[PDB]
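Chemist: Structure in structure tokens, see below.
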Amino acid sequence: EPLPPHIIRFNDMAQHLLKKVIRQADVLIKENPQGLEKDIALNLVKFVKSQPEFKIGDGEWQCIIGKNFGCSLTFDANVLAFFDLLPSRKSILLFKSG
Amino acid sequence: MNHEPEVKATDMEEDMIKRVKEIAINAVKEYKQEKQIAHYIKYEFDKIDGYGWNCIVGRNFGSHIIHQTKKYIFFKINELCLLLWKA
Amino acid sequence: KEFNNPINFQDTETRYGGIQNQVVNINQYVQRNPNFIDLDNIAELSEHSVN
Amino acid sequence: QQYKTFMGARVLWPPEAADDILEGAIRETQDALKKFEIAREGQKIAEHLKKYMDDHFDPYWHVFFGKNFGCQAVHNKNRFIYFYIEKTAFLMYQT
Amino acid sequence: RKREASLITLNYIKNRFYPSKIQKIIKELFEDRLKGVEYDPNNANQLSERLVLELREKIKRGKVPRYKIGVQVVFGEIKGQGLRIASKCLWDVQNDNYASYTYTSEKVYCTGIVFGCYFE
Amino acid sequence: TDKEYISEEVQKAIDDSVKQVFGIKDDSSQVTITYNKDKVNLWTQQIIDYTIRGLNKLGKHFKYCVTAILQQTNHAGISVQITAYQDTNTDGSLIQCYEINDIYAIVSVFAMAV
Amino acid sequence: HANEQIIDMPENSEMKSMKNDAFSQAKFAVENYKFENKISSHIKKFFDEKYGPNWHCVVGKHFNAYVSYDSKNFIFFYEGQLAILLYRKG
Amino acid sequence: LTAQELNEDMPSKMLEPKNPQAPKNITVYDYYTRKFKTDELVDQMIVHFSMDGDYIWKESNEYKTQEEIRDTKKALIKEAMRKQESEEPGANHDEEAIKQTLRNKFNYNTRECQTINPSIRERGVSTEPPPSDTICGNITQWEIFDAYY
């Protein structure tokens, strides 16, 4: 099991779930490089929704991908995954808000 | 000088959109930092439009987020882009 | 005269910090249905002029 | 304004940048300048240094060295390096 | 450079690049001695001390001698427990420095703060 | 002995700071301030300034490093350990752990000769 | 006498206001202030006011420079003897 | 805030609370002000490990808010369950399905939004001043007059 290079800012999520998101996120950026952040965001939310036993309930999966963004969100307990991929240098925010 | 924002993508009531651009000019002058701006918007919008709410303040970003109907609004001030929604 | 270090500077003492064990219940409820976290990605900037 | 001599180079003593990123940086310029000269082919050695910073440290470094210039720039916390060597003054800041 | 030769008189300093060099040294040691991330019993507190003694010597080895080393290690269990470990040392500006590194596992967190002060 | 380091004096300085932030004392929980995520960030900056100012007042020619560890309502096996590479007959360091209602806080003080 | 410039500014979609104010400010900034550092403080401050922040400009009589910028925001012109360089990044 | 005298009339120095590693100043562009704004004063206080963690006590102010959120979500589910159970004859809809049944296409639209980002680009500019040529001239009284004549 390999895991591509990444920087965690805040991970309030189980390790099993986080690892499974990063792998997809790396492959998904590698598919359409110099591609729009919403195109990568759309396909990433589809994956995490589509995969069974990934659902923690309450809100609905919603992913924000940027190079420069601050924020403040209300999310479900142990469901928020922030990370920044080192080769791409693009932060990825993924969570469920009730 | 800071001229009034311009709403790109929006689903708000004629009364509400005014209250959003209101809170937007107050927030931008009070706090310098990009996270501190967001943090004000939400907590003000937790008094007027019920517990659940979310706010982002990005110079360059992109997304798709699931929002309650009539409780979404995206306004771009001069060279800064603020996205807020509900649940 | 001026400031020189010929005097041995080697010796080392430790001390042991801790806290006192309490009750398991603690009368507190784990986590909140929702949770509020304000995540920046931008790095704090500072300007310096050099000529 | 008060300069200082460390690792055979004349840097602004209060080291704006972290002292590891600064040491490795100055040493690479001195080992770049031992090969390519500033007088002849001075554009090349800047582009060599710029790419080097992006490899070992965070990306989008700006590199500015000259015998005479004056700049006011916005940079990140502890990501500003300004040092003289012989007569030539090397500025660079991460974004 | 008379002002430079003067500067050596007032304070010899011997400013050995204290920040990231130590931060790299402590990081390399912590990973190896943490061993099992899962292990945070009550009998590992005594073992977490042993870690701290070893630490301070390797600070001496890593090109410090003339400096005066004081290290504080903190080893704790996390259960989404919100705590902030801040510090602030009264010293000579640009004449001393600090080194900090924090290692966060799944179930355990270990932070190592190292204070060095110049003496003549 | 005008200058010199003393165990008691340092402990007294930290007590005053912990009291100055939220301790009327007097042997009764007259106040109760449970640990917010907002107030924690403020308290640290407040405590540390007050401790230094406290040490400063009686201060000799000793440098002073102070670290503030807070803990959210215990329930989590924490163990702090301190070692100082410093000549004995010169300096000594101390830590003092406090048990203030909901919030739990450990304060450390290093002493260095000048 | 500014024989060779490099103009990489938008021009199209009435953004000539953001190229012309490079040549216009430079001339007013240089003659008055007459100090390399203080020029780079004036031109930057103006371009931030009008076209939003994260502009870096460097003014020198003789200098080398390689840099990363935002496409169609970088202009390099000689104002008289002096050689002014300004560009956006972030 | 004290000063050390150094033995044998050395230059006096002192020891300041301020941490040196912390940046000198911190500058954060205001949009209202519309110009960069520098803050010489800094918090100058170093934190090794910060941790903000969900963990609340019985009868907080922050708990009461969390309870209200549950009670509102519950009330909406209860109404939505009861109304679907009242409208339909002997309804066997599970409470999980009723929630999924509460989130509609005309009660939770799902918009995508990005900002227009310019592509980054790395360029070189070398400025070399005009060449400077040595000139040697001699002037004597005759050479002046010779031209003059």
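If you're wondering about the labels, chains in the structure tokens are A, B, ... by order shown, residues count from 1 in each chain, ligands from 1 in order shown.
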Which residues are near residue C:49? Cut-off 8 Å, only C-alpha atoms, ignore same chain within fewer than 4 positions. Put them as a PyMOL selection string.
Modeler: (chain D and resi 70-73) or (chain G and resi 37)
Chemist: May I have the selected residues written with C-alpha atoms, as a CSV table (one decimal), in the first residue's frame?
Modeler:
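And here's part.csv as it stands now:
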chain,number,residue,atom,x,y,z
D,70,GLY,CA,16.3,49.0,-4.2
D,71,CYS,CA,13.1,47.0,-3.6
D,72,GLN,CA,10.2,46.9,-1.0
D,73,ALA,CA,8.5,43.4,-1.3
G,37,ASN,CA,13.8,51.7,-2.5
Chemist: Give me the residues within 9 Å of residue H:129 as a PyMOL selection string, counting only C-alpha atoms and dropping any in the same chain fewer than 3 places off.
Modeler: (chain G and resi 61-62+81) or (chain H and resi 132)
Chemist: List as a Markdown table every residue of chain B that is in contact with chain C, defined as an atom at most 10 Å from one of its atoms (using only C-alpha atoms), together with the nearest atom pair and the distance in Å rounded to one decimal, sorted by chain and then rising number.
Modeler:
| residue | atom | partner | partner_atom | distance |
| --- | --- | --- | --- | --- |
| B:33 | CA | C:44 | CA | 8.6 |
| B:34 | CA | C:40 | CA | 7.3 |
| B:35 | CA | C:40 | CA | 5.6 |
| B:36 | CA | C:38 | CA | 8.2 |
| B:38 | CA | C:38 | CA | 7.9 |
| B:39 | CA | C:38 | CA | 6.8 |
| B:51 | CA | C:34 | CA | 9.6 |
| B:52 | CA | C:34 | CA | 8.5 |
| B:54 | CA | C:36 | CA | 9.3 |
| B:55 | CA | C:38 | CA | 9.4 |
| B:56 | CA | C:38 | CA | 9.2 |
| B:57 | CA | C:40 | CA | 9.3 |
| B:58 | CA | C:41 | CA | 9.4 |
| B:59 | CA | C:42 | CA | 9.7 |
Chemist: So which residues touch stretch 83-98 of chain A within 8 Å, counting only C-alpha atoms, skipping near sequence neighbours fewer than 6 positions away, as a ChimeraX atom specification?
Modeler: /A:4-11,22,26,29,58-67,73-76 /B:52,87 /C:34,41
Chemist: Please write the residues from the selection above to a file, keeping C-alpha atoms, as an mmCIF file, in the first residue's frame.
Modeler:
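Contents of part_35.cif, freshly written:
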data_model
loop_
_atom_site.group_PDB
_atom_site.id
_atom_site.type_symbol
_atom_site.label_atom_id
_atom_site.label_comp_id
_atom_site.auth_asym_id
_atom_site.auth_seq_id
_atom_site.Cartn_x
_atom_site.Cartn_y
_atom_site.Cartn_z
ATOM 1 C CA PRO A 4 1.431 9.799 -2.292
ATOM 2 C CA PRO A 5 3.159 12.906 -0.788
ATOM 3 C CA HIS A 6 0.860 15.243 1.276
ATOM 4 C CA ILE A 7 0.862 17.835 4.162
ATOM 5 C CA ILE A 8 -1.909 17.483 6.850
ATOM 6 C CA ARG A 9 -3.086 20.898 8.250
ATOM 7 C CA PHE A 10 -6.060 19.387 10.211
ATOM 8 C CA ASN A 11 -7.362 15.744 10.096
ATOM 9 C CA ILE A 22 -5.716 11.085 -0.537
ATOM 10 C CA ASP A 26 -3.719 12.298 -6.174
ATOM 11 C CA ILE A 29 -5.437 15.542 -10.073
ATOM 12 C CA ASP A 58 -25.912 13.690 9.141
ATOM 13 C CA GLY A 59 -24.908 16.261 6.416
ATOM 14 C CA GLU A 60 -23.887 15.603 2.764
ATOM 15 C CA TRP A 61 -20.292 15.194 1.392
ATOM 16 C CA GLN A 62 -19.070 18.582 -0.043
ATOM 17 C CA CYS A 63 -15.423 19.184 -1.187
ATOM 18 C CA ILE A 64 -13.593 22.573 -1.625
ATOM 19 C CA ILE A 65 -10.223 22.592 -3.540
ATOM 20 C CA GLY A 66 -8.063 25.768 -3.856
ATOM 21 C CA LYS A 67 -4.490 27.203 -3.747
ATOM 22 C CA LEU A 73 -17.320 25.660 8.631
ATOM 23 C CA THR A 74 -19.669 23.735 11.020
ATOM 24 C CA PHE A 75 -19.127 19.952 10.281
ATOM 25 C CA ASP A 76 -20.147 16.508 11.737
ATOM 26 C CA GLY B 52 -26.396 25.658 10.811
ATOM 27 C CA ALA B 87 -26.169 22.875 5.794
ATOM 28 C CA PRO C 34 -21.703 19.797 14.814
ATOM 29 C CA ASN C 41 -4.366 27.876 3.859
#
Chemist: Can you pull out the residues contacting residue G:45? Cut-off 7 Å, using only C-alpha atoms, and skip same-chain residues under 4 positions away; I want them as an NGL selection string.
Modeler: (:G and (41 or 49)) or (:H and (35))
Chemist: Select residues of chain F: the criterion is any atom within 6 Å of an atom of chain E, counting only C-alpha atoms; output as a PyMOL selection string.
Modeler: chain F and resi 63-72+76-85
Chemist: Which of stretch 33-149 of chain H counts as helix (DSSP H, G or I) under DSSP, as a VMD selection string please?
Modeler: chain H and resid 62 to 87 95 to 102 141 to 148
Chemist: Report as a count of residues only: the residues of chain A with a DSSP assignment of strand (DSSP E or B), based on the backbone of this structure.
Modeler: 33
